[PDB]
Each structure stands twice: as C-alpha cells, then as structure tokens.
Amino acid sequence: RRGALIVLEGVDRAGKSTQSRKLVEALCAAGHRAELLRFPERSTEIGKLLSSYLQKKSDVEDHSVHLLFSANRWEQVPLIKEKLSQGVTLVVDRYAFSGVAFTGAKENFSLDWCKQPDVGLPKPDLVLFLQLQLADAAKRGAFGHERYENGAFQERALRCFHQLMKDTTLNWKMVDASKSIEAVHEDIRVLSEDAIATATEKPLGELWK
C-alpha cells in the first residue's frame, strides 16, 4: 500500500512550513508513517547555489535559476519513489507549482516554458493551496531581506498560481489559511487523511503528462 504524495503550496508567509511540520507530526501520532520534504532542498550542491541566490549573496541568470530549482526536485525523485513505494506518505513544503509561479512572475517567461522542466515529476495525490490575502500575509510580521520578498512580485506569483489551478488533472484543495494555526491544521489534517485513505488506490502519476 503506497504512501500519498501531499504538497502544500501558497505565497510567501501563507503558513506552508508551519502546516507541513504540524501535518507530519499529527499523521505520525495517528499511526501513519509520514515524513517531511521541502523545496528547495538546500542541502545539496544545487540547493546551496539556490540558497545563495535567494539570500542575494549571488546573482544567477533567470532561466538558469529556474532550471536549477527543477533539477533540485529531480535529484530527490529516486528517494520520493522509494519512500512512497514503502508506504511512507510524504508531506512536501513547496513543489513544482512554486517553481512555475515564481519564475512565471518575471517578465517574458511563459507558463508553458516554466512548466516543461518539471514535466514527468511524481504527481502529487493532493495539492493544498493555503489561501490568504497578500495584505494579511504581509502583516505576518514584515518582509524579510530574501529575494522576491516584495508585494508586486508576490501578486504576480499569485496570479500564476491561479492559472495552474485551472489544471483539472490535479487534486487541488483550497485552504482558508487566514484562520488560527490550529484551525488551519485541522482542515489540512482531515483532507490529508482522506487522500491517504482513498487517493492512493491508483498508481503514482506523472506531473503535467
């Protein structure tokens, strides 16, 4: 019985990391075998280049950085397939959707070109989108000094996310991320339990193909 592949997406400060940590904790406490993954995975060679870029310690050509973000997902595919095959549900904090939405927010980047590198990745069984007004997301303290940490860019990224949500091949679920940490968590936990129990009857799919 394979594990489910659950992705959490949303703009910066939507609560993705907090909810991904709480979800794994709750699933494990309820007897599931579940583990947390995140993208970018900054521990690899590629992940280190990505981290320097995001921190503005380095500059990288836009197409190149887009391809490094996708390569950082592919390098984890053998691990993802192994874990899911062993029955381990994986909770992923950002995935290909963030990749497309952030690069697609830049000038002269078509959604189509941005999607291609991630075509064929393991297809999530559930994609949770943590919806929150950008204003309230900004009021979750203040902007940091990392790349993309500004309102106009966040708004273009959000528009790209909405284009991706038209894709009916994917099991998108909207989450009202404006509620408390515990209320949002319960919403996410119940959706995840349902996906683990019913979405896994079919083989792992391939993204965007």
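Quick note: we count residues from 1 along the sequence shown, nothing fancier. Under this definition, the rigid core comprises the largest set of C-alpha atoms superposing within 1.5 Å between the forms.
- Two stretches, 10 to 18 and 186 to 194, are weighed by how far their CA atoms sit from the shown form in 6 other deposited structures of this protein after rigid core superposition; the farther one is 10 to 18.
- Take 137 to 145 and 50 to 58, fit the other structures onto the shown form by the rigid core, and average the C-alpha distances in 6 other deposited structures of this protein: the farther stretch is 137 to 145.
- Relative to one another, 107 to 115 and 133 to 141 have unequal mean CA B-factors, and 133 to 141 is the one with the higher figure.
- For the pair 1 to 9 and 198 to 206, the record assigns the higher mean C-alpha temperature factor to 198 to 206.
- Ranking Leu54, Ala29, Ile181, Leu37 by Cα temperature factor from the entry places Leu54 first.
- Comparing the C-alpha B-factors of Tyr148, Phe69, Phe161, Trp172 in the entry, the top value falls on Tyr148.
- Sorting the modelled residues of the chain by their CA temperature factor places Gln76 in the middle third.
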